[PDB]
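Asker: Structure below; questions to follow.
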Amino acid sequence: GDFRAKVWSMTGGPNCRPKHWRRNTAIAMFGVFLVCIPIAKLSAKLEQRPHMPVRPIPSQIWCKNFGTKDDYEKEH
Amino acid sequence: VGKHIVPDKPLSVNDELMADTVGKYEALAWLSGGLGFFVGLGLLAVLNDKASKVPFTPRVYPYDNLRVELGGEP
Amino acid sequence: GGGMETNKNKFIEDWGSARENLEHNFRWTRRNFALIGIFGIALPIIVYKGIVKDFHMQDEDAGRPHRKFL
Amino acid sequence: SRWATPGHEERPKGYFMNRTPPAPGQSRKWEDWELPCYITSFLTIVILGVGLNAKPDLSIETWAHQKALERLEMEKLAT
Amino acid sequence: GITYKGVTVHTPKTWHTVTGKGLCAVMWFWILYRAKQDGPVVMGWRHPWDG
Amino acid sequence: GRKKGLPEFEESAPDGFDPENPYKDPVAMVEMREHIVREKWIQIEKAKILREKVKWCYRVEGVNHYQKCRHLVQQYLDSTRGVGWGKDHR
Amino acid sequence: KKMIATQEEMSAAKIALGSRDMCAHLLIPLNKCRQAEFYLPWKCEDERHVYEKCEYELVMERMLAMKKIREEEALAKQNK
Amino acid sequence: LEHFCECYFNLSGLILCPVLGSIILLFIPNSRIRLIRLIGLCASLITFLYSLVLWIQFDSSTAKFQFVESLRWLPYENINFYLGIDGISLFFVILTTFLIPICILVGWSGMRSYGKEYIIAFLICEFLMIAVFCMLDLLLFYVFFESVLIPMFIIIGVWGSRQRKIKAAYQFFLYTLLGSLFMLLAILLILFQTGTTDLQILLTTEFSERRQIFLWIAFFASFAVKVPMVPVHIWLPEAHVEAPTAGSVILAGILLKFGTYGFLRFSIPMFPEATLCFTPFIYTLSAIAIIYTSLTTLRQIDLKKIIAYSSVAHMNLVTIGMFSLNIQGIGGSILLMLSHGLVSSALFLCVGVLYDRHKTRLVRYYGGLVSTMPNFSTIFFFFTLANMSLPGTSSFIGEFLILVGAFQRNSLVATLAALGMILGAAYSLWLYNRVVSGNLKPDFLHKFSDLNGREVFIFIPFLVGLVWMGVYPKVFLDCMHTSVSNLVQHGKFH
């Protein structure tokens, strides 16, 4: 309204219409995609698939932990 | 919103904390009856004894009712 | 019009001060005697014996005698 | 129109931490507490970030894990 | 839209009317289709392996 | 200064500990208390190593875990009874 | 009706313990068809129809066994 | 026996730092306010860094006391005192050294009227509180604990907001002094038996069950006042409400920890047989305090009273954990103690933010604040959640571990203690909503300012610490388990 224009907030307050919201939205897109890259690499490193799939699956492209926990009487 | 009421009379206790047409104990009696319907229905289920009119014999599984497959001594 | 301090309300402040000064109102009435007896004495003793009984029921589950407590 | 016409906020509403911006071309004056506190904050992350990851692992859990591995090895190969 | 004495009613968008009629028609057909394929089965008239 | 590597401790119980009167050799009393703590932690890790085995057998064998891991479950459940400082004494 | 699928075949087929009954020898072809065909209902109608008939046969058999037992509860009452 | 240490960073230098700061600030004129502020803040910050270094060189495989250094009193060497820490006291030293600079920063704006007396009082408090936590002697522990009463009395009485501070300071002083007097009697009775007050020797001496029971009662009389346990907890709401903000932070975040610390350092290990006998008694008192004081909190109308009363229920849950006498219970009790000193301290900082501006503690005046102070509202909500023991926050780790340890001993006390999950949620969210949510009331408050740069920075280490313990408590539990394990095993040989 009137006084809310003098109030700072992280989410922008009411009816937030930043003028350059498109370049900021696209810059925000890139940050998430750059954040996602280490996450995906760590995920692929950490996944454990003790069973071979019935058909080839997209996670056989980057994951190398298929059919590994066969020796279970050795896990510590 | 519009204009918050500023008190003009000495505030009493139990004001920090301060269902219209039906009384307190009358509501408890009506709810008690409603829950007494489930009680009577459940008793009727015992009186029915559906377990005694089963139209098939209990499943029997092979290999001693799968004794080994269920974690028993092999 | 002036300052960030709250505009005091005499009725709200009176409610505030009467809360802080409740100990001047205690009178030792019948209701208080029942309330203090039930929730100051009877209920803690019930909780105490329930906790002891819980230990003791464990003792006879382990084939052990009843453990002594103060 | 909400996707094809840019917004109207030339500058965001309010000021971050409610401090008026300094005069154009000027830089904000740091209060006297900022520098010692931002140096303590920096040294805190460096000591804990490096020291905790550089001190040796001497937990009773890590020592017993290794100890328990050899005893289960030593009772398995031997009968 | 059409005005009848003060109160005006706006006609709905054409594709709203088309999709509504079409989706329910797809639904009515799928019901008639299914009822003729496995309707006797749920009535108990025949069994799936009958043949 | 401290040398690199895992901590080193005596394998055997202290010599000088009379279990009849534990409060007669105090230096041995303390050393027995530390030795028992270390011994108890070894059995705790034993059950955790045994627990990792049960976990992956369930994950690897699926519907066949009751027959295939019967032995591992028995071993884990025996190791956890009387483990650490839980609901069992000795 | 006699047991066909040995214990090893059921375990290798990873059959749920509740479906390791007399009709297990027909479930194995059915589930292999089901996985290969992404479990669509218009597929494997042949293996599905065969296996369902076996399971229908089993339940009727136990239903008839009770049909008998129920005819002897009254015999005891009619002679008591 | 000069048991001096070989480490470079030791406990004597840490104890000396704030003392040097106070001595220097003694002689600076009150016109040099900038210099006084800077010197006090720098002394406290260097003490914090020094304690962090002590963390870095900590050895987590030993159950012995670490960094042990001896300090001699008489050249006869009959009475000689030792300092040292283990996994049970290290983080409390760290917490003290961290909270003191916060206390200085909170009163930064008013420092032109507080004067050097305020900083000196807090720096003197720091020296005594660090020392109390570093003592390996019953007698020195006693003497240093009472020393804090003088500066705490001064802090409450001089810089309290209104004249109820008179009564509050009196009650605080008198209750605490009574408790410390019963501890003195037990220390002198122990000294009659053993001829010593050295803690390490006491941990190796045998007591009779009769005298174990009696000495335990004498320790309880002091510690239960410190904790505080019912019905000797009524001094707390007055003292913690009437104190200045930094005073409340010190009172709730550090001073409250002294009774539970005394239970872990003296009563529980030194008298194992009596501790078992009084376990139903402690369980009953804690359970009553949790249920009853949580319900009183619900009916409080003062902002600082709700936070003060919440502290009582959290501390009695700590006592259930430590008297469970297992790894989870004692481990959880120490983590909740540390978490409470961050969460309740942050909460007292939120209320002080509101009070410094509007000068009222009554909930009825506030409300609607999210529309004028969204930054404060977000920070206030986070510490509101941490006070409800929300999973992911530091307080949930200690809370659940204590309930685990209690369940393995007595399922009834763990059940009554778990009722605080429902009650603690009720008063925390009701408080937050009545202050932040709703509509503004311009007839009471119409002029508003959100947090400034100093207040936001003050809240940062509290958010980081709360998150850091809530998601990865392993960095703390690893350094504790060896000391915790030997505390549990103390007095048994099977």
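Ligands are numbered from 1 in the order shown, residues from 1 within each chain, and chains are lettered A, B, ... in the order they appear in the structure tokens.
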When you look at residue 51 in chain F with a cut-off of 12 Å (counting only C-alpha atoms), what residues show up, excluding the ones that are within fewer than 4 positions of it in the same chain? I need them as a PyMOL selection string.
Answerer: (chain A and resi 72-76) or (chain F and resi 44-47+55-58+69+72-80)
Asker: Enumerate as an MDAnalysis selection string the residues belonging to chain F that approach chain B to within 9 Å, with only C-alpha atoms taken into account.
Answerer: chainID F and resid 64:70
Asker: Mind dumping the selected residues with C-alpha atoms as a PDB file, in the first residue's frame?
Answerer:
```pdb
ATOM      1  CA  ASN F  64      13.833 -64.557  -0.221  1.00  0.00           C
ATOM      2  CA  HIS F  65      15.344 -62.756   2.839  1.00  0.00           C
ATOM      3  CA  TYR F  66      13.578 -65.000   5.434  1.00  0.00           C
ATOM      4  CA  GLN F  67      15.400 -68.160   4.234  1.00  0.00           C
ATOM      5  CA  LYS F  68      18.640 -66.569   2.871  1.00  0.00           C
ATOM      6  CA  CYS F  69      19.418 -64.321   5.904  1.00  0.00           C
ATOM      7  CA  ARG F  70      17.984 -66.562   8.703  1.00  0.00           C
TER       8      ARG F  70
END
```
Asker: Go through chain C and collect every residue that DSSP, computed from the backbone, puts in helix (DSSP H, G or I); the answer should be as a ChimeraX atom specification.
Answerer: /C:10-20,22-24,30-61
Asker: At a cut-off of 12 Å, which residues of chain H touch chain F? Count only C-alpha atoms and give the answer as a count of residues only.
Answerer: 49
Asker: Please report the interatomic distance between CA of residue 178 in chain H and CA of residue 199 in chain H in Å with one decimal.
Answerer: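 Computing the Euclidean distance for CA of residue 178 in chain H and CA of residue 199 in chain H yields 23.2 Å.
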Asker: Just want the 12 Å neighbourhood of residue 2 in chain E, counted on only C-alpha atoms, with same-chain residues fewer than 6 positions away dropped. Output as a list in words.
Answerer: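 Result of the neighbour search: residues 8, 9, 10, 11 and 12 of chain E.
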Asker: Mind checking which residues fall within 6 Å of residue 56 in chain B, counting only C-alpha atoms, ignoring those fewer than 6 positions away in the same chain, and posting them as a VMD selection string?
Answerer: chain G and resid 62 to 63 66
Asker: Hey, what's within 12 Å of range 12-20 of chain B if we count only C-alpha atoms and toss same-chain stuff fewer than 5 positions away? As a list in words, please?
Answerer: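 The neighbour list is residues 7, 25, 26, 27 and 28 of chain B; 11, 12, 13, 14, 15, 16, 17, 18, 19 and 22 of chain C; 298, 299, 300, 301, 302, 362, 363, 364, 365, 430, 431 and 434 of chain H.
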Asker: Limited to C-alpha atoms, could you put the picked residues into a file as a PDB file, in the first residue's frame?
Answerer:
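Below is the file selection11.pdb, written as the result:
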```pdb
ATOM      1  CA  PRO B   7     -10.254  -1.418  25.972  1.00  0.00           C
ATOM      2  CA  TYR B  25     -23.428 -31.536  28.309  1.00  0.00           C
ATOM      3  CA  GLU B  26     -26.133 -31.978  25.655  1.00  0.00           C
ATOM      4  CA  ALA B  27     -23.427 -32.097  22.981  1.00  0.00           C
ATOM      5  CA  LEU B  28     -21.586 -34.687  25.064  1.00  0.00           C
TER       6      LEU B  28
ATOM      7  CA  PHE C  11      -6.688  -0.933  31.483  1.00  0.00           C
ATOM      8  CA  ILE C  12      -4.158  -3.212  29.745  1.00  0.00           C
ATOM      9  CA  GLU C  13      -1.366  -2.184  32.124  1.00  0.00           C
ATOM     10  CA  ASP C  14      -3.625  -2.741  35.148  1.00  0.00           C
ATOM     11  CA  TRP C  15      -4.302  -6.260  33.827  1.00  0.00           C
ATOM     12  CA  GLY C  16      -0.523  -6.654  33.519  1.00  0.00           C
ATOM     13  CA  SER C  17       0.265  -5.532  37.061  1.00  0.00           C
ATOM     14  CA  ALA C  18      -2.524  -7.601  38.626  1.00  0.00           C
ATOM     15  CA  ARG C  19      -0.963 -10.685  37.033  1.00  0.00           C
ATOM     16  CA  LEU C  22      -0.966 -12.586  42.355  1.00  0.00           C
TER      17      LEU C  22
ATOM     18  CA  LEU H 298       0.665 -21.198  28.038  1.00  0.00           C
ATOM     19  CA  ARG H 299      -1.065 -18.692  30.328  1.00  0.00           C
ATOM     20  CA  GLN H 300       1.721 -16.067  30.535  1.00  0.00           C
ATOM     21  CA  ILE H 301       1.115 -12.643  28.913  1.00  0.00           C
ATOM     22  CA  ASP H 302       4.635 -11.157  29.098  1.00  0.00           C
ATOM     23  CA  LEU H 362       2.974  -7.300  26.999  1.00  0.00           C
ATOM     24  CA  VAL H 363       1.859  -9.502  24.094  1.00  0.00           C
ATOM     25  CA  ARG H 364      -1.436  -7.615  23.760  1.00  0.00           C
ATOM     26  CA  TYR H 365       0.244  -4.482  22.382  1.00  0.00           C
ATOM     27  CA  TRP H 430       0.757 -19.045  20.091  1.00  0.00           C
ATOM     28  CA  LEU H 431       3.519 -16.617  21.080  1.00  0.00           C
ATOM     29  CA  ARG H 434       0.137 -13.103  18.604  1.00  0.00           C
TER      30      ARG H 434
END
```
Asker: Please, what distance in Å, to one decimal, runs between CA of residue 85 in chain H and CA of residue 11 in chain H?
Answerer: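 Going from CA of residue 85 in chain H over to CA of residue 11 in chain H, I get 8.9 Å.
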Asker: CA of residue 142 in chain H and CA of residue 286 in chain H, how far apart in Å?
Answerer: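 Here the two named atoms are 24.5 Å from each other.
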Asker: Using only C-alpha atoms and a cut-off of 8 Å, which residues of chain G sit close to chain E? Please list them as number ranges by chain.
Answerer: G: 49-50, 52-53
Asker: Write a file of the selected residues as a CSV table (one decimal), in the first residue's frame, keeping C-alpha atoms.
Answerer:
```
chain,number,residue,atom,x,y,z
G,49,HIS,CA,-6.3,-66.4,-18.3
G,50,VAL,CA,-4.6,-69.8,-17.7
G,52,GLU,CA,-6.5,-67.2,-13.2
G,53,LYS,CA,-8.3,-70.5,-14.1
```
Asker: At a cut-off of 8 Å, list the chain B residues touching chain H, using only C-alpha atoms, as a list in words.
Answerer: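 On the chain B side, the interface is residues 1, 3, 4, 6 and 16 of chain B.
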Asker: Within 9 Å of residue 59 in chain F, counting only C-alpha atoms, which residues show up once you throw out same-chain ones fewer than 5 positions away? Write them as a count of residues only, please.
Answerer: 4
Asker: Got a sec to pull out which chain D residues are within 7 Å of chain F, counting only C-alpha atoms, and send them as an MDAnalysis selection string?
Answerer: chainID D and resid 58 63:65 67:68
Asker: What are the closest atom pairs, with distances in Å to one decimal, for all residues of chain G lying within 9 Å of chain F? Consider only C-alpha atoms, order rows by chain and residue number, and present the result as JSON lines.
Answerer:
```
{"residue": "G:11", "atom": "CA", "partner": "F:64", "partner_atom": "CA", "distance": 6.4}
{"residue": "G:12", "atom": "CA", "partner": "F:64", "partner_atom": "CA", "distance": 8.9}
{"residue": "G:14", "atom": "CA", "partner": "F:63", "partner_atom": "CA", "distance": 6.1}
{"residue": "G:15", "atom": "CA", "partner": "F:63", "partner_atom": "CA", "distance": 7.1}
{"residue": "G:16", "atom": "CA", "partner": "F:63", "partner_atom": "CA", "distance": 6.1}
{"residue": "G:17", "atom": "CA", "partner": "F:63", "partner_atom": "CA", "distance": 7.2}
```
Asker: Those selected residues, please, written with N, CA and C atoms and delivered as a short mmCIF file (atom, residue, chain, number, x, y, z; two decimals), in the first residue's frame.
Answerer:
```cif
data_model
loop_
_atom_site.label_atom_id
_atom_site.label_comp_id
_atom_site.auth_asym_id
_atom_site.auth_seq_id
_atom_site.Cartn_x
_atom_site.Cartn_y
_atom_site.Cartn_z
N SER G 11 11.94 -69.40 -5.75
CA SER G 11 12.90 -68.45 -5.20
C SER G 11 13.61 -67.69 -6.31
N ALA G 12 13.99 -68.38 -7.38
CA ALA G 12 14.64 -67.70 -8.50
C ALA G 12 13.68 -66.77 -9.22
N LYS G 14 11.49 -65.12 -7.65
CA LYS G 14 11.20 -64.10 -6.66
C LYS G 14 9.69 -63.89 -6.50
N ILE G 15 8.98 -65.01 -6.32
CA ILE G 15 7.54 -64.96 -6.16
C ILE G 15 7.20 -64.59 -4.73
N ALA G 16 6.25 -63.67 -4.57
CA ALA G 16 5.77 -63.32 -3.24
C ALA G 16 5.28 -64.58 -2.53
N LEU G 17 5.62 -64.67 -1.24
CA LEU G 17 5.37 -65.90 -0.49
C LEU G 17 3.89 -66.28 -0.51
#
```
